[PDB]
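One chain is shown next in structure tokens, namely the form deposited in one PDB entry.
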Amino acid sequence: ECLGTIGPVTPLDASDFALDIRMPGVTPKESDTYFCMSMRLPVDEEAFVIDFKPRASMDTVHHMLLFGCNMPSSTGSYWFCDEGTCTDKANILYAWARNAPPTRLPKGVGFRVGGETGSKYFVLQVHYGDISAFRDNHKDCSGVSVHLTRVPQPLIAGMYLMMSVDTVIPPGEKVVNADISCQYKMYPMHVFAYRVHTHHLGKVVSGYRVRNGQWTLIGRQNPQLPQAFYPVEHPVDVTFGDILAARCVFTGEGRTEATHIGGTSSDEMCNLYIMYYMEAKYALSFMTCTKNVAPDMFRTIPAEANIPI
């Protein structure tokens, strides 16, 4: 329920506090609606996000996403966001899915936020489902409770985002692959969770670490299944000289015109969010790959990447 008089900040101890990021009592008028809101961090100095607790209605909320960024798309109370979340790069921290219960951060692991370089804002995206549980006209305050601490964490959580930019899916085309690859050139990262994201043309999304020619599965998922962060089968380290490679399999069947990458439901996306940790003294919070630097390498991609899970 809504917090009313106590507000969104709960003190836990001298150095920690819970921040509740909730909808300002909204009432979705249509189904399949996407709401956004923002919260400036209460603290200017560096803090660590070490836990998330969902505060979702168990009937109306389909999924929730939380981001860190410096400039949310809109100011004010709330806005409608078909994942038009931030104006700068939105750094995903958390996904909650109705049908896919989230996995916790490992102990000792946190995202760095605030300070000179970290996110100054959280942006909450809530996707509402069938909205039949709104005939009472009630106000919804679904969201997330975030556990922040100033105690520096020995391990820092980050995001390696792989995304297609140039994909064109001609109408009626049975199979279109969107391939993404980059050489990794940082200190070692350990992947512990992944999220896949396409729109309605996506069949299967797979991500791999390629080392000396060998393909090691990070994650492989049907993007039409709930788009939560799923744990990695085996914590995969990615080290200097490694190549990260991803493939989204698309279809143009059902479409009368070409589908390219874009920000609407009728466009497509090929996103693979690889959540990792790094040693605190080596850590960087975000890396991005929007390229295909080793296209011929995909000829030895495992067969599982081409058949839907």
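The term rigid core refers to the most C-alpha atoms you can superpose between the two forms while keeping them within 1.5 Å. Residue indices: 1-based, along the sequence shown.
Here the subject shifts to the form deposited in another entry, a form of this protein not shown in this document.
K.L.:
Taking the rigid core as reference, does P152 move its C-alpha 2 Å or further between the shown form and the other one?
P.N.:
No, shifts by less than 2 Å.
K.L.:
Core-aligned, does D166 move its Cα 2 Å or more between the shown form and the other one?
P.N.:
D166: C-alpha displaced by 2 Å or more between the shown form and the other one.
K.L.:
Superposing on the rigid core, is the Cα displacement of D267 between the shown form and the other one 2 Å or more?
P.N.:
The answer is yes; the displacement is at least 2 Å.
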